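As structure tokens, one chain now follows by itself in the form deposited in one PDB entry.
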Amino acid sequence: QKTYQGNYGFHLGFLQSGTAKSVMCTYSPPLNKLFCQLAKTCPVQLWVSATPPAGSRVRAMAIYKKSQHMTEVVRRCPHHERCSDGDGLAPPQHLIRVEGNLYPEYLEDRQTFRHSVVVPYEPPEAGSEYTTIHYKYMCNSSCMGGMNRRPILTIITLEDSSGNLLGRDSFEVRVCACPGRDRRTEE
């Protein structure tokens, strides 16, 4: 999926991490791919060159990477959907959750039925140049009945208060037991 920096120069950034066996979350620049453990927090940085209009919003959605699976809604496997790990906010079917935000909106498209989670866009804290949002993935890439070993992309869209696109970026995700090991192999 093509990026769209748009008028506000929107794009994502990730902390630099290694490939030690015990790392719980690690991003690969060369693959533009995040590797992470099940339900562990992933800080994703939002960068802009100009401040978006007030009331702008940030949406995250998962899609299958491969063309033959791309029309299938990404969702949790039935086992994980029933395992009672809710936070009181996220519906149990949603793969992507946000943490550390008081205003998340868990949404289902009325025509495509795809899931997403939206939070307000906030400018970077004092003496910072990015904004951070903490995402977690609630299923393994290997979940039978769910992603079933199929790679996904996370699409992050910056939207205005009317829901019009302002900017888009994306990254591949692999949710796995040993992110350190798998990044190095895939690399």
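Think of the rigid core as the biggest set of C-alphas that the two forms share within 1.5 Å after superposition. Only residues modelled in both forms are compared. Residue numbers run from 1 along the displayed sequence.
Mean C-alpha temperature factor, higher of 121-129 and 65-73: Per the PDB entry, the higher value belongs to 121-129.
Tell me which of 80-88 and 99-107 has the higher mean C-alpha B-factor in the deposited entry. Mean CA B-factor is higher for 80-88.
Sort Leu12, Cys176, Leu166, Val173 by C-alpha B-factor from the entry and give me just the highest. Highest CA B-factor of the listed options: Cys176.
For the listed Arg57, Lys40, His134, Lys33, which has the peak Cα B-factor recorded in the PDB entry? In this record, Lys40 carries the highest C-alpha B-factor of the candidates.
Tell me, lowest, middle or highest third: where does the Cα B factor of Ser49 rank within its chain? Middle third, going by the recorded CA B-factors of the chain.
If you rank every modelled residue in this chain by C-alpha B factor, which third holds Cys143: lowest, middle or highest? It belongs to the highest third of the chain when residues are ordered by C-alpha B-factor.
Relative to the other modelled residues in the chain, which third contains the C-alpha temperature factor of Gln1: lowest, middle or highest? For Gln1, the deposited C-alpha B-factor lands in the highest third.
Beyond the structure shown, there is the form deposited in another entry, which is absent from this document and is the topic of what follows.
For the set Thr26, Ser141, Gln37, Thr154, which residue undergoes a C-alpha shift of 2 Å or more between this form and the one not shown, given alignment on the rigid core? It is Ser141; the other listed residues stay below 2 Å.
With a shift of at least 3 angstroms, figure out whether the C-alpha spacing between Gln37 and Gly146 grows or shrinks in the other form: closer or farther? Their C-alpha distance shrinks by at least 3 Å in the other form.
Considering a change of 3 Å or more, are the Cα atoms of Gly146 and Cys25 closer or farther in the other form than here? Closer together, which means the C-alphas of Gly146 and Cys25 are at least 3 Å nearer in the other form.
Sequence-ordered runs, three or more residues, C-alpha shift 2 Å or more between this form and the one not shown, rigid core: After core superposition, the one displaced run is 141-149.
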